[PDB]
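Input: a single structure, listed below in C-alpha cells.
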Amino acid sequence: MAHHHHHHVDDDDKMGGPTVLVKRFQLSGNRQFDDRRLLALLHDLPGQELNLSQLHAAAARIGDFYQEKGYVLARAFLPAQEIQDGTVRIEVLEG
C-alpha cells in the first residue's frame with residue numbers, strides 16, 4: 001500500500017504512517033480572507049508529504065491568524081474527510 005513516496009520528500013512528524021503530498025491548500029468557509037491570504041500561513045508546508053497531524057496543525061495557524069485580526073471567535077480546522085492526494089482542505093469557522 002502506497003505510504004512513503006520518497007522521491008524528494010517523504011513521511012514526516014509521524015513516520016511510517018499515512019501522509020499526503022500537499023500540492024495546495026483549499027479553504028472552505030472563509031469569507032473574510034481568501035485562499036491566497038491563508039495560504040501564506042502554510043507557505044512552508046506544501047511540496048512535502050505532510051502527515052494528518054501536520055495537516056491539522058496547519059489549520060491552527062489560520063485559526064490564530066483570524067484571532068489577531070479581531071476574529072477571536074474564528075477557528076480554522078482541517079476536517080480531513082478523505083483528503084485529496086494533493087489538495088488539502090481546511091474549514092474556516094469565522095462565525
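Residues in the C-alpha cells are numbered from 1 in each chain, the chains being A, B, ... in the order shown, and ligands are numbered from 1 in the order shown.
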
Need the shell around residue 60 (chain A): protein/DNA/RNA residues with any atom at most 8 Å away, counting only C-alpha atoms. Skip same-chain ones fewer than 5 positions apart. Format as a CSV table (one decimal) with C-alpha atoms, in the first residue's frame?
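Dumped to selection29.csv:
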```
chain,number,residue,atom,x,y,z
A,75,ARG,CA,-11.2,28.9,14.1
A,76,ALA,CA,-9.9,27.0,11.2
A,77,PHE,CA,-9.8,23.2,11.4
```

task = Taking the DSSP assignment computed from this structure's backbone, write out as a list in words all residues of chain A that belong to alpha helix (DSSP H).
result =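 Alpha helix (DSSP H) members of chain A, listed: residues 35, 36, 37, 38, 39, 52, 53, 54, 55, 56, 57, 58, 59, 60, 61, 62, 63, 64, 65, 66, 67 and 68 of chain A.
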
Convert the current residue selection to file output with N, CA and C atoms, as a short mmCIF file (atom, residue, chain, number, x, y, z; two decimals), in the first residue's frame.
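As a result, out-v3.cif now contains:
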```cif
data_model
loop_
_atom_site.label_atom_id
_atom_site.label_comp_id
_atom_site.auth_asym_id
_atom_site.auth_seq_id
_atom_site.Cartn_x
_atom_site.Cartn_y
_atom_site.Cartn_z
N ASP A 35 -8.25 32.35 -0.12
CA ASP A 35 -7.28 31.25 -0.03
C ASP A 35 -5.87 31.79 0.01
N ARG A 36 -5.55 32.64 -0.97
CA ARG A 36 -4.24 33.27 -1.09
C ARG A 36 -3.75 33.81 0.26
N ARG A 37 -4.61 34.57 0.94
CA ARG A 37 -4.26 35.17 2.22
C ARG A 37 -3.90 34.10 3.26
N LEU A 38 -4.66 33.01 3.27
CA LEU A 38 -4.48 31.96 4.27
C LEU A 38 -3.36 31.00 3.87
N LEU A 39 -3.10 30.91 2.57
CA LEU A 39 -2.06 30.02 2.03
C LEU A 39 -0.68 30.42 2.52
N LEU A 52 -1.25 13.58 8.69
CA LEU A 52 -2.53 14.13 9.15
C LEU A 52 -2.32 15.12 10.29
N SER A 53 -1.45 14.77 11.22
CA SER A 53 -1.17 15.61 12.38
C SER A 53 -0.66 16.99 11.95
N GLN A 54 0.28 17.02 11.01
CA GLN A 54 0.80 18.27 10.47
C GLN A 54 -0.27 19.01 9.68
N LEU A 55 -1.14 18.25 9.03
CA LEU A 55 -2.25 18.82 8.27
C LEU A 55 -3.21 19.56 9.20
N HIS A 56 -3.51 18.96 10.36
CA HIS A 56 -4.37 19.61 11.34
C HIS A 56 -3.67 20.81 11.97
N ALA A 57 -2.36 20.68 12.16
CA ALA A 57 -1.56 21.76 12.75
C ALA A 57 -1.55 22.98 11.84
N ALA A 58 -1.58 22.74 10.54
CA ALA A 58 -1.64 23.81 9.54
C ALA A 58 -2.85 24.70 9.77
N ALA A 59 -3.97 24.07 10.13
CA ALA A 59 -5.22 24.79 10.34
C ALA A 59 -5.14 25.68 11.58
N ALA A 60 -4.35 25.26 12.56
CA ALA A 60 -4.20 26.01 13.80
C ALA A 60 -3.55 27.36 13.54
N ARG A 61 -2.67 27.40 12.55
CA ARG A 61 -2.02 28.64 12.13
C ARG A 61 -3.06 29.66 11.72
N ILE A 62 -4.06 29.19 10.99
CA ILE A 62 -5.09 30.06 10.43
C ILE A 62 -6.09 30.46 11.51
N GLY A 63 -6.37 29.53 12.41
CA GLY A 63 -7.29 29.81 13.50
C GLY A 63 -6.80 30.94 14.38
N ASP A 64 -5.49 31.01 14.58
CA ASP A 64 -4.89 32.09 15.36
C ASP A 64 -4.75 33.35 14.52
N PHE A 65 -4.53 33.16 13.22
CA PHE A 65 -4.43 34.27 12.27
C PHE A 65 -5.66 35.17 12.36
N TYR A 66 -6.82 34.55 12.29
CA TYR A 66 -8.09 35.26 12.38
C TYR A 66 -8.21 36.00 13.71
N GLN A 67 -7.75 35.37 14.78
CA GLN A 67 -7.84 35.94 16.12
C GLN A 67 -7.09 37.26 16.21
N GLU A 68 -5.95 37.34 15.54
CA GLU A 68 -5.13 38.54 15.57
C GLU A 68 -5.76 39.65 14.73
#
```

request  = Extract, using only C-alpha atoms, all DNA, RNA and protein residues at most 9 Å from residue 9 (chain A), discarding same-chain residues fewer than 3 positions from it, and format them as a PyMOL selection string.
outcome  = chain A and resi 4-6+12+21+47-49

Emit the selected residues as a compact mmCIF listing (two decimals), in the first residue's frame, including N, CA, C and O atoms.
```txt
# COMPACT_ATOMS: atom_id res chain seq x y z
N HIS A 4 5.13 5.75 1.80
CA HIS A 4 6.24 6.65 1.54
C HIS A 4 6.51 6.71 0.04
O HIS A 4 6.66 5.68 -0.61
N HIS A 5 6.56 7.91 -0.49
CA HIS A 5 6.83 8.09 -1.91
C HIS A 5 8.33 8.24 -2.12
O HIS A 5 8.89 7.63 -3.03
N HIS A 6 8.96 9.04 -1.27
CA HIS A 6 10.43 9.13 -1.18
C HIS A 6 11.09 9.29 -2.55
O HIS A 6 11.85 8.43 -3.00
N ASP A 12 6.83 12.65 7.33
CA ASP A 12 7.47 13.44 8.38
C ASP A 12 6.53 13.54 9.58
O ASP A 12 5.35 13.23 9.47
N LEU A 21 0.92 14.21 0.11
CA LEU A 21 1.77 15.16 -0.59
C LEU A 21 0.96 16.41 -0.89
O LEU A 21 0.15 16.43 -1.82
N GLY A 47 4.61 20.84 -1.10
CA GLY A 47 5.77 20.35 -1.80
C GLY A 47 6.41 19.21 -1.02
O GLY A 47 7.41 18.63 -1.44
N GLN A 48 5.81 18.91 0.12
CA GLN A 48 6.29 17.86 1.00
C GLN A 48 5.15 16.92 1.36
O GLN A 48 3.99 17.20 1.05
N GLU A 49 5.47 15.82 2.02
CA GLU A 49 4.46 14.87 2.44
C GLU A 49 4.12 15.09 3.90
O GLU A 49 4.77 14.54 4.80
```

ask   = Hey, what's within 10 Å of residue 32 (chain A) if we count only C-alpha atoms and toss same-chain stuff fewer than 3 positions away? As a ChimeraX atom specification, please?
value = /A:29,37,66,69,71,92,94

key: For CA of residue 40 (chain A) and CA of residue 26 (chain A), the interatomic separation in Å (one decimal)   =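 Computed distance, CA of residue 40 (chain A) to CA of residue 26 (chain A), equals 12.0 Å.
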